[PDB]
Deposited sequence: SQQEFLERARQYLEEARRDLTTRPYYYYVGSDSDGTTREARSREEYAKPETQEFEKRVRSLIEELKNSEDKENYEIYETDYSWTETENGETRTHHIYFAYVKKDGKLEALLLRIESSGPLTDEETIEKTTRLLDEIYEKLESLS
């Protein structure tokens, strides 16, 4: 059922929305149809490498009853020597009403400053949370 993964990613999204304007962070969480969930609350925990997930995605894009969803918002700004990067990737694959793979990557090199980007990232994290509640 991957309920563990569900709760872990819910908590990660909560903390991301909470610390959007507070502190850098890095959250990874990935589960497959076998249920093997791997997390990474620190950067170097997953900086050492999702392959089968994207391979199955691309294969299923081009047999049936599949519901696939993926979102990826990434923006970087390298100015004055500072390379502030931010990245959010979410994706779930569901073959024949059976969750085959779920993946979440949230990454923030530091606190956000653009009000527009803050609102966009909050809205996207909330959308991912609302979808994750539906995937239970």
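No alpha-carbon coordinates exist for the deposited sequence positions 50-54, 68-70, given here in order along the chain.
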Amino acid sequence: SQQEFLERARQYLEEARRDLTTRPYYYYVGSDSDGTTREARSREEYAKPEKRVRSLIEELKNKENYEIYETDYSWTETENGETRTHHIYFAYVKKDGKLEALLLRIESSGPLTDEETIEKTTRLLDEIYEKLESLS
From here on, numbers count along this sequence of modelled residues.
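Higher mean CA temperature factor, per the PDB entry, when comparing 109-117 with 9-17: 109-117. Legend: mean Cα B-factor per stretch from the PDB entry, 34-42 versus 65-73; the higher mean is in 34-42. In this PDB entry, the Cα temperature factor of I88 sits in the bottom third of its chain's modelled residues, the lowest group. Ranked within its chain, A47 lands in the highest third, by CA B factor from the PDB record. Sort the chain's modelled residues by C-alpha temperature factor and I57 lands in the highest third, per the entry.
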